[PDB]
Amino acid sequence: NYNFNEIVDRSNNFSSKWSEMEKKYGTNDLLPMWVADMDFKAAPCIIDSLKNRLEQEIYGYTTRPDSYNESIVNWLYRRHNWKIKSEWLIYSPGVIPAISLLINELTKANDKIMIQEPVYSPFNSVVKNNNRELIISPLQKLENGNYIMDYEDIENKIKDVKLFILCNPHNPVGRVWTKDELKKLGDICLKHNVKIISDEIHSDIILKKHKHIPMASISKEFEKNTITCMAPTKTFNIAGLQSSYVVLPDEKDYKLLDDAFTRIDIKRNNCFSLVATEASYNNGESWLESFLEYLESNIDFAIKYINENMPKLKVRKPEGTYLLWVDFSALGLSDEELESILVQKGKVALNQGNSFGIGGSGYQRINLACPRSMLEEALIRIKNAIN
């Protein structure tokens, strides 16, 4: 037991979630339920690792000890049944930096790169900002409200594509893809000699009855065709420490990314990231399991509240991530109108669905990694906004 009910003031915590809404929504005087970090304290093991490193009193250039990558190897093996080699790992300050460099190195200007919308908006922008062409294969929104891949669409568009960027679990719709769904996609990509970059940052935030399957874990051929991005940051609420890794089982790919990070001279973890990453994987599993029980309770509470109190809204329980994807289309409001009522009448900040691209219109994304009290206040504000 860790006390996830505890409310922590973040008004003095140099938090973008609490302090950068003015830019985006027009004011900071809103209840923030938008950007994906949590309103929970880091695991005690993380905090103590930071304290111990702080007490050294010298903060020079940091070497990466073998125990760091060993912690990552062991995490992936015991949590995801995927045994990797330490030699396959590259440090990156974040997932999107790594994907950016990978796009620059693995493709030529104007090459086609495929994603599936609605999705995390940096997928769309990182392609365009690198002067490659973005090809969107929208997820299919079924008449039952759920989302699946559009395999027929992918096969129709795949012929001149060079890379496919997968979100697994998929933010914002909350899908934890099954082995069979991943096998179908992976076989298509292999048939067409398309490499997959799998963004698996949400890999540890998986609800009951679901299991994360790394795309690269399915078979040795999928392993060699997949470059995987993961991090401790979403799992343990340590984005402010900046730490991620890339698993590249193909040495040609490894060399290209290693050379790219040499080119921009980004090689070392900061000193706190170093210790917190190792501490989170070696010692954070008990906190994580407790977090996932608390999160599932928040999810169930939120869905029940919505279905009882805002019955015009439609919501499907996510299989993973701590983000809820809620359909407001029955209100008959344009996306701008919906944002305006939520901000001005509700005083609540949710992520606008349209920001995730095709299939986002009419939706809003709500962050449930917060104390129940804060979640309830958010739901009350939404109820007031739409009434």
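Residue positions are given as counts along the sequence shown, with the first one as 1.
Taking only CA atoms, the mean B-factor in the PDB entry is higher for 17-25 than for the other of 372-380 and 17-25.
Of the two stretches examined, 153-161 and 238-246, the record assigns the greater average C-alpha temperature factor to 153-161. Per the deposited record, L331 carries the highest C-alpha B-factor of all listed residues (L323, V326, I47, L331). Within the selection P214, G174, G94, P311, the deposited Cα B-factor values reach their highest point at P311. Split the chain's modelled residues into thirds by C-alpha temperature factor. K51 is in the middle one.
Among the modelled residues of its chain, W34 has a C-alpha B-factor that falls in the highest third, as given in the PDB entry. When the modelled residues of the chain are ordered by C-alpha B-factor, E251 sits in the highest third. When the CA B factors of the chain's modelled residues are split into thirds, the value for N146 lands in the middle one.
Placement of the Cα temperature factor of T178 within the chain: lowest third of the modelled residues, per the deposited record.
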